[PDB]
Amino acid sequence: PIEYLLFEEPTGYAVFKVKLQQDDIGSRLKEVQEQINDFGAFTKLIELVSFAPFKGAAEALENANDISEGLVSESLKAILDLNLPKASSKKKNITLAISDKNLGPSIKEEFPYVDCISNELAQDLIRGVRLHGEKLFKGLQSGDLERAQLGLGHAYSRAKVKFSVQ
Amino acid sequence: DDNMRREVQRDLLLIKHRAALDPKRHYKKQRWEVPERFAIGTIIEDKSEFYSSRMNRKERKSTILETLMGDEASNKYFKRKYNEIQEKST
Amino acid sequence: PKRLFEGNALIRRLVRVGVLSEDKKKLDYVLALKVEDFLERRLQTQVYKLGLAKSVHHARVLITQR
Amino acid sequence: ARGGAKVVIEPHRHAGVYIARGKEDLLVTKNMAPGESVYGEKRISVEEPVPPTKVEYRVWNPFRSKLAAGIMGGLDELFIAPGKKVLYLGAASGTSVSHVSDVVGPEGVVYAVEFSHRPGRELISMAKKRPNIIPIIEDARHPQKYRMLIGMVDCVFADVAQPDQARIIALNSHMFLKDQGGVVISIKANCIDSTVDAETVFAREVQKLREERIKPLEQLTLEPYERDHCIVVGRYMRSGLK
Amino acid sequence: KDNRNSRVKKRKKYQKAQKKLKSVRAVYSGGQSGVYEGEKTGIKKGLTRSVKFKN
Amino acid sequence: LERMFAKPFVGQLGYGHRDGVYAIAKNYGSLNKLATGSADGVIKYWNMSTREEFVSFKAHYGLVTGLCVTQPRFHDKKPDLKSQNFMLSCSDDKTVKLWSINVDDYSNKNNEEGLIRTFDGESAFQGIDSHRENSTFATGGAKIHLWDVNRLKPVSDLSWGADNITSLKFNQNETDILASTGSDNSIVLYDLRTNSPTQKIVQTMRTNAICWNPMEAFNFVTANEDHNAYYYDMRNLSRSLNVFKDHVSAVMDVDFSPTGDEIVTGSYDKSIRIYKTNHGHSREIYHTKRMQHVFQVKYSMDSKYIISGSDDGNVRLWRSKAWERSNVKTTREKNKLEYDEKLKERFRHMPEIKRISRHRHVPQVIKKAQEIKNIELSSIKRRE
Amino acid sequence: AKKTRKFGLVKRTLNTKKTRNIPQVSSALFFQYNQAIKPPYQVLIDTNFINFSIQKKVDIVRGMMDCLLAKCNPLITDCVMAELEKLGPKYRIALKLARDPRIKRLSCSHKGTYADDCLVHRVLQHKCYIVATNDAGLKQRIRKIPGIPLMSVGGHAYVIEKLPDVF
Amino acid sequence: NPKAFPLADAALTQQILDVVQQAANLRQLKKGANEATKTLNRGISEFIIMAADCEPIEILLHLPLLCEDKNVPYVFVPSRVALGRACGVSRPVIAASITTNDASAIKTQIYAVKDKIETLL
Ligand SMILES: [Zn+2]
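Residues numbered from 1 in each chain as written, not as in the entry; some residues may be left out. Chains lettered and ligands numbered in written order. Part of a larger assembly, values for the part shown. Heavy atoms only, no water.

- Method of determination, as given in the entry header: cryo-EM; reported resolution: 3.8 Å.

- The title given to this PDB entry is "Cryo-EM structure of the 90S-exosome super-complex (state Post-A1-exosome)".
- Within the UniProt record for chain G, the comment given under Function is "Essential protein involved in pre-rRNA processing and 40S ribosomal subunit assembly. Required for the early cleavage steps of 35S rRNA at the A(0), A(1), and A(2) sites."
- According to UniProt, the comment filed for chain G under the heading Subcellular location is "Nucleus, Nucleolus". (UniProt positions renumbered as here; feature names shortened; annotations may be inferred.)

- Taking the PDB entry as the reference, chain C is identified by name as 40S ribosomal protein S9-A belonging to Saccharomyces cerevisiae.

**Some words on the overall build of chain G**
In step 1: Per the secondary structure count, chain G includes 7 helices and 6 strands.
In step 2: For chain G, the α and β elements follow one another from N to C terminus as α-β-α-α-β-α-α-β-α-β-α-β-β.
In step 3: The C-alpha atoms of chain G give a radius of gyration of 23 Å, which is well past the 15 Å a tight globule of 167 residues would have.
In step 4: Principal-axis analysis of the C-alpha atoms gives chain G an extent of 75 × 40 × 35 Å.
In step 5: The buried share of chain G, taken over its 167 residues, is 49%.
In step 6: Of the roughly 8900 Å² that chain G leaves accessible, carbon and sulfur atoms contribute 58%. (Helix = DSSP H or I, 4+ residues; strand = E, 2+ residues; numbered from the N terminus. Rg over C-alpha atoms; globule rule 2.2 N^0.38 Å. Buried < 20%, exposed > 50% of the residue type's maximum accessible area, 1.4 Å probe, protein only. Areas by Shrake-Rupley, 256 points an atom, 1.4 Å probe, with all protein chains shown as cover.)

**With respect to the coordination of the zinc ion**
Each pair of donors in an ideal four-coordinate tetrahedral metal site encloses 109.5 degrees, whereas pairs in an ideal six-coordinate octahedral site enclose 90 or 180 degrees.
Residues and elements named next belong to chain G.
In step 1: The protein atoms that coordinate the zinc ion are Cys79 (SG), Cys108 (SG) and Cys118 (SG), at distances of 2.5 Å.
In step 2: When the donors of the zinc ion are listed by position in the chain, the intervening gaps give C-x28-C-x9-C. Of this pair, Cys108 sits in the loop between β3 (104–106) and α6 (115–125) while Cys118 sits in helix α6, and the two are 10 residues apart along the sequence. (Donors = N, O, S within 2.8 Å, 3.2 Å for Na, K, Ca; no water.)

**Concerning the interface of chain A and chain D**
In step 1: Counting from both sides, the interface comprises 30 residues of chain A and, opposite them, 31 residues of chain D.
In step 2: Three residues, A:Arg127, A:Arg130 and A:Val161, lead the burial of chain A against chain D; their summed loss comes to 23% of the area buried on that side.
In step 3: D:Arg147 is paired through a salt bridge with A:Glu8; the nearest N and O atoms lie 3.2 Å apart.
In step 4: Between the two partners, chain A and chain D, sit 10 residue pairs in polar contact.
In step 5: Looking at the side of chain A that touches chain D, the elements that each hand over two or more residues are β1 (4–9), α1 (30–37), α3 (57–69), α6 (120–132) and α7 (145–161) of chain A. (Contact = heavy atoms within 4.5 Å. Buried area = accessible area lost by both parts, 1.4 Å probe. Salt bridge = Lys/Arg side-chain N within 4 Å of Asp/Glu carboxyl O. Polar contact = N/O pair within 3.5 Å; in protein donor to acceptor, adjacent residues only side chain to side chain.)

**Some details on the state of the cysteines**
In step 1: Enumeration according to the criterion identifies 0 disulfides over all chains in this entry.
In step 2: Not engaged in a disulfide, the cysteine G:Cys128 finds its nearest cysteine sulfur in D:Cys230; these two sulfurs lie 12 Å apart.
In step 3: With no disulfide of its own, H:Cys67 lies 14 Å from the sulfur of D:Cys191, the closest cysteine sulfur.
In step 4: H:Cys67 sits in the buried class, given a relative accessible area of 0%. (Disulfide = S-S within 2.5 Å.)

**Description of the sheet that holds strand β4 (residues 94–97) of chain A**
Residues and elements named next belong to chain A.
In step 1: Strands sit in the order β3-β2-β1-β4-β5 across an open sheet of 5 strands; the sheet is mixed. Every other strand in the sheet has two partners, leaving β3 (46–52) and β5 (114–117) as the edge strands with one partner each. Taking each pair of neighbouring strands and ignoring which way they run, the sheet shows an average axis angle of 30 degrees.
In step 2: As paired elements, β1 and β4 share 2 bridges and run parallel to each other. From the neighbouring strand, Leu5 faces β4, where its bridge partner is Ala97.
In step 3: Against the sheet, α6 engages β1, β2 (12–18), β3, β4 and β5, with an angle of about 45 degrees to β1. (Pairing = 2+ DSSP bridges. Axes fitted to C-alpha atoms, helices over the stretch in contact; angles between N-to-C directions.)

**A word on the interface of chain G and chain C**
When the parts of a complex come together, some accessible area is lost, and that lost area is often taken as the interface size.
In step 1: Counting from both sides, the interface comprises 5 residues of chain G and, opposite them, 4 residues of chain C.
In step 2: Buried area between chain G and chain C, summed over both chains or domains, comes out near 390 Å², and the portion from carbon and sulfur atoms is 62%.
In step 3: Connecting chain G to chain C are 0 salt bridges.
In step 4: At the boundary of chain G with chain C, the tally comes to 0 residue pairs in polar contact.
In step 5: Tallied by class, the residues present in the side of chain G that touches chain C amount to 4 nonpolar, no polar and 1 charged. (Nonpolar A, V, L, I, M, F, W, Y, C, P; charged D, E, K, R; others polar.)

**Side note on the arrangement of the chains**
In step 1: Pairwise contact counts over the 13 pairs of chains in contact peak for chains A and D.
In step 2: Contact between chain E and chain H is absent, and the minimum C-alpha spacing across the pair is 8 Å.
In step 3: When C-alpha atoms are compared, chain G and chain H, though not in contact, are closest at a spacing of 16 Å.

**Structural notes on the sheet that holds strand β1 (residues 41–44) of chain G**
Residue and element names in this part refer to chain G.
In step 1: The strand order across the open sheet built from 6 strands is β3-β2-β1-β4-β5-β6, with neighbouring strands paired in mixed fashion. Either end of the sheet is taken by a strand with one partner, and the two such strands are β3 and β6 (157–160). Each neighbouring strand pair of the sheet contributes to a mean axis angle of 35 degrees, computed without reference to strand direction.
In step 2: Here β1 runs beside strand β2 (residues 72–77); their pairing, made up of 4 bridges, is parallel. The residue of β2 that forms the bridge with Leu44 is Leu75.
In step 3: Across the face of the sheet, helix α2 (residues 47–56) comes into contact with β4 (130–133), β5 (150–154) and β6 while running at roughly 30 degrees to β5.
In step 4: Seen against the sheet, α6 touches β1, β2, β3 and β4 and runs at an angle of roughly 130 degrees to β2.

**What about the environment of H:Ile94?**
All names here are of chain H.
In step 1: With respect to the helices and strands, the residue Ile94 is situated in the loop between α5 (80–87) and β4 (95–99).
In step 2: A residue is classified by how much of its surface remains accessible, and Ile94, at 17% relative accessible area, is buried.
In step 3: Along the chain, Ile94 and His62 lie 32 residues apart, while their C-alpha atoms are 13 Å from each other.
In step 4: When near neighbours in sequence (up to four residues on either side) are disregarded, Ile94 contacts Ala33, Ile49, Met50, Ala51, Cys54, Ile59, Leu60, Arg80 and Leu83.

**Brief notes about the packing of aromatic side chains**
In step 1: Following the criterion strictly, the structure yields 27 aromatic pairs over all chains and no others.
In step 2: Residues A:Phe111 and A:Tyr113 carry aromatic rings whose centres are separated by 6.0 Å and whose planes lie at 90 degrees to one another, so their mutual orientation is edge-to-face. Residues A:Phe111 and A:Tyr113 agree in their burial class; the two are buried.
In step 3: Taken together through their ring pairs, the aromatic side chains of F:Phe119, F:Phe125, F:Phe137 and F:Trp147 make up a single cluster.
In step 4: Sitting over the face of the ring of A:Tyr113, A:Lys86 holds its NZ or CZ atom 5.2 Å from the ring centroid. (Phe/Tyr/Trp six-rings, centres within 6.5 Å; stacked < 30°, edge-to-face > 60°. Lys NZ or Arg CZ within 6 Å of the ring centre and 35° of its normal.)

**Some details on the packing of helix α1 (residues 10–26) of chain H against α5(H)**
Residues and elements named next belong to chain H.
In step 1: At their nearest, the axes of α1 and α5 sit 7 Å apart, and the two run at 40 degrees to each other. Taken together, the axes of α1 and α5 are oblique relative to one another. Contacts between α1 and α5 pair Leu17, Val20, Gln21 and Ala24 from the former with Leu83, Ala86 and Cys87 from the latter.
In step 2: Residues of the contact of α1 with α5, tallied by class, amount to 6 nonpolar, 1 polar and no charged. (Parallel < 35°, antiparallel > 145°, perpendicular 65-115°, else oblique.)

**Considering the nonpolar core**
The nonpolar side chains of a soluble globular protein tend to be buried with one another.
In step 1: The biggest cluster of nonpolar side chains holds 62 residues, and the ones touching the most others in it are A:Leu80, D:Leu87, D:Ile136 and D:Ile150.
In step 2: With 5 residues, helix α6 (residues 198–211) of chain D is the largest single contributor of residues to this core. (Core = buried A, V, L, I, M, F, W, Y, C linked by side-chain atoms within 4.5 Å.)

**Considerations on unusual backbone geometry**
In step 1: Going from G:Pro39 to G:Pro40, the amide bond is cis rather than trans, its omega being 0 degrees.
In step 2: Inspection of the secondary structure assignment puts G:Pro40 in the loop between α1 (3–17) and β1.
In step 3: In this structure, D:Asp228 takes a positive phi of about 55 degrees despite not being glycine.
In step 4: Of the residues examined, D:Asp228 reaches a relative accessible area of 23% and is grouped as partly exposed.

**Topic: α6(A)**
All names here are of chain A.
In step 1: Given a rise of 1.5 Å per residue, 13 residues ought to cover 18 Å, and the 19 Å separating the end C-alpha atoms of α6 matches this to within 8%.
In step 2: Burial of α6 is extensive: 11 of the 13 residues sit out of reach of the surface.
In step 3: Taken from the residues just after α6, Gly133 is the one with a positive phi, measuring 60 degrees. (Expected span 1.5 Å × (residues − 1).)

**Overview of the pattern of salt bridges**
In step 1: Within this structure, the stated rule accounts for 61 salt bridges over all chains.
In step 2: Between C:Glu40 and C:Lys49 there is a salt bridge, with the nearest N and O atoms lying 2.7 Å from each other.
In step 3: In this structure C:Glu40 comes out as partly exposed when scored by relative accessible area, which is 31%.
In step 4: Taking relative accessible area as the criterion, C:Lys49 reaches 12% and is therefore assigned buried.
In step 5: The residue H:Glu58 makes a salt bridge to H:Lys3 at a minimum N-O spacing of 2.5 Å. A residue pair is termed long-range when its members are at least 10 positions apart, and H:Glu58 in helix α3 (residues 58–61) and H:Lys3 in the segment before α1 qualify at 55 residues.
In step 6: Counted as one network, the salt bridges with shared partners bring together B:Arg18, D:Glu10, D:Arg21, D:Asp25 and E:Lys45.

Right, dumping it as structure tokens:
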């Protein structure tokens, strides 16, 4: 019961709809771990649904800072509001797989009909998505992830340190 | 390649026989067959080691063999050792 | 009662000898003691450590030299 | 020794590093920003054949780089290659991350991770003179705090001294380390268990790796450079440790 | 004379054994003394002095 | 290919229990979670996805005789069903204890770890189960008591007469029907809406355990010490629907697959057997040199796996069908596999195929016991 | 190669004729001293050891305390545990012992279940343990290793062999 | 000011200054910013004590860089004149280095103070 997952990226947020569930007990087995590595089987387990790209470098930077501190940004708020179905706020909440335990509560207190998950299974799904990366986007236009990462890392670190031209 | 070939061959042979340049060094026992590639080069100090390790301008010789010549204690030790090894050969 | 009396005696004896540190006042650390600890407490070692001597044999000699 | 003698470069066994022979040998890596030495190390220059260009080398100082000491002692399978993306846990400054950069080359990247701010600042400077490094000044116990910035490294090298070293390594390897990945750990026994001794600390830490699903491959006690240190090379196996 | 005095014989024996140990396995002595002169004794490419975890 | 791909054993759960396993209870809600308990007195709450354990309480001074896993319905509050799970141990030293477990299933918060409540008893308790969707448990010691979570005194007394009661089980559907097994080798159905025992059958030997089935709601199956498992209809208790046969010592536990068509039994002989509800002979036998006296068996809520607690102290877990790897299968492969199964169901009874697909290797103790038992039955039959 | 050809060539021969890896020595070891085994010790238990202990009625933990006058942390590897298990029902008592809360278990990523091989590797690798047994073949191999103390069971209580500080 | 971040309280200052005087007596202590930096370069330092009211603070503030680069514990204490007394010299000292020597009598003290410094870091 892992209906959706959220994946943050240097160029914006992505949201995937889980199609099948890998069996929960067998997860430590050679066979399911290999299907996470392989690309053919990961597509059977996951299809992308949404992708909101960041506006510019500054907006990406502050968004990464808020992800670090564990808050929800305006952009994340919007994309979740758009993708996630509205179930009853009392029974049958919708399951979303995130990467950060500390991100959980903020998402909840913004969306009381969603339930975050960071399990062994959800961490495996995040890992597979991160491994395959751009092949999963079916061609949706994304910046070069590696250059994005270099720029973002440098900006993040300079921000924390207070690097100065003086 | 086959220019500067004589000088580079001398340097390579010297390095292969480096165990005998000094009575005080005693390197580990390795064969050192000549590599397929290499590129002899210069060592550059930092500005902060000008007395400790910076070498000179007039002691800068274009080859390890000729700087070995320029050093003097090496020269007298070599000529001595060669003298007695020759007298034992004879 | 026997354990308590005799054990406390043994621990304070070792602590005052200097073998055992203050913070390890427990019979378990007593079990963890060793020969190097006792030798480190000997006098010649202490001279050499405090610096009145230059070697352990210099120290030995001094001590017996009065 | 002195910065005049003439040396003979040569390839090492490990792709990416070189041996400089002479009256006495050295370990070297090709520079990437030729013309500057990041921490004052004597640095070789050769010529490469329009006028020929000058290619510049740098020297590993084994008493300063734990990886250098490991290389010089002799590690069978080092996992840092001339094209691979390496995560680096604990880069105080360029003293060894710059050399890992020089050995991964222009293709592979290197994610330097540090916690404090002063060496972080100089790490930023070096990392901006060098393209491969991306510097991250986040704590190394919170990969979720810097997960936007790293993707699927090939091997992690670890030089954190913290006692909870193996937990740190497990977190970061699970979260970013590709499968069948390389892990190199630098263990400092005094700074893990100050009371019990070094062989005990090593055996304990090796078992902790064997727990967190890294099959350790080899183990080296790097003596004549550092006192009571070790580096363990192991393989993240992630699926059937057996 | 190393039989006339006992502890002298043990002293000299210990010094000799210290040297032989320095031969058997690399021993830690201080660290770098001057500036990094270079590995005075030679780098061997194909030795691999490390303990391997067999299966 | 089936014979060369049958690889049942899939792995065990951590380092195990010190002193043999005697209580297992799967969480009927989730799928990772089970709770095991040992004659040491130490109960553990396993995460089977990672083969790890959440906690490990030293619960009781004596044996742990029963485990239930649940969520209570307190009236003081509503304990978080999402951050914590709850577990209920039923001990031999006259206590019942309710524990909390901190479960990582959701990531949706950020104290109160263990032993929420203790229910003192007057007797030694001997089995436990908990009526679902009502938070009401029932414990069989010397007289079965219907307890509520919020009252420390057993709410209701159910007992035919003055006999102790070995074991209990509620049923899955029409959930007010309880069945119980008593040591004057009796099987007694209880109903909770009228709040009374309902009927009684007495067999020739004691029945160790009973499981309703979760798809028919009036059939149950009892593991019985005369080497057998008897499958009964509830409304007509005069006769057994079927008898499941192929064990060679006391049967010790049974469980229904949630699909409702297969049964898994574990005996005091050291083996596991899997049956289909319609046949009456074993489909499959699981056995190891390191597993002994299977005392507890639980079939998994995805129907895919089997957990077996054995008194060598280990909680192994096996595949329900020894083939079906857990990976996801490309549609071509899936069609080929279903085609395989259909074809062999068609030709099941041809002599060559039957010889090959029935050849399964069994321990020498079971082989010899089986031929002896056959000899004795022939003897009985011809003197008759 | 005929016989006379071979003989002739042997005659003529007589007339005419008249990456590697060498593991580093452990930094713990003085020449054979092994100065890295200070109390509290760490003892790798073995199957033979458990069974002989049951035979001679010596407790594990208190027995090693007696033998060494220190604390002894005993450790059981996965191949030692699985060997006891396969031994089976007749050794139910040895297993209920070895599976004690104080016997901490250290795992392994190694093939099959041959505790001899598995043990000898541990002590080749680390040299902070002391091996416990009564098995002759393993005893011989461990003696061949330098500086590894060997605690056998014998007589009425455990004996220890290569510890300089047996007392 | 967080620039002198780890600043010892009264008790830790007591034990620090006591081991500083002990090391000055057994002559395992290097006194002064420059000599401290020299020991730091040579990697012979067990740990570093600094003053917290230097005029100004940066002149020794350079040290924490090398300290936490090479993993050598460092700690600030309130008064440089107190540090000078503790060292046993006629003039106020601002930064001193407790060196490392296996053949020392004060071994266990230095290790206790270094333990607590690391905990505080
Ligand atoms: Zn093993």
